[PDB]
């Protein structure tokens, strides 16, 4: 395969610079577009460069081309949560058909700087006895535990941002096929 794109996915902290790279085999390739694909949508041309150039910049996005090492890269400065998407590098020669990389799934996350972790139980009022557990406002370093039991489920870290004020927060949810569980241990 002619266009090699790694990693499968990458996380970069919000405000950091994300660096995405690809390598290619055919040294005659001379046109290198990048496509961005947001979840539930189709890919769309982000930026492109010809092999006669070193770089192309458009706003916060820059592509770099290095012929000698047959490497292409995409830099995103001041990375926003809205840049979370799959990025596809691609290459071709002349009017030959485009070759796409496998794509890198980029997620930009806030690194939370005043964490107050808490665990809460919530109730479904259209139910007899149905409850779940919310683990919220914990720091971006820690690993959310995964279930050590059939019948109980713990979700991955999910980051929200109330753009109403300045309050991003990591959260995760747990529920069980029972009220034998308790929220105050399930999360550590």
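Residue numbers count along the first chain shown, from 1.
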| query | finding |
| --- | --- |
| Stretch exceeding the other in mean C-alpha B-factor - 99-107, 75-83 | 75-83 |
| Which of 36-44 and 156-164 has higher mean CA B factor, as the PDB entry lists it | 156-164 |
| C-alpha B-factor winner, where the candidates are 119, 132, 144, 50 | 144 |
| Chain-relative CA temperature factor third for residue 127 | middle |
| Chain-wide C-alpha B factor ranking for residue 62, given as lowest, middle or highest third | middle |
| Relative C-alpha B-factor of residue 137, binned into the chain's lowest, middle or highest third | middle |
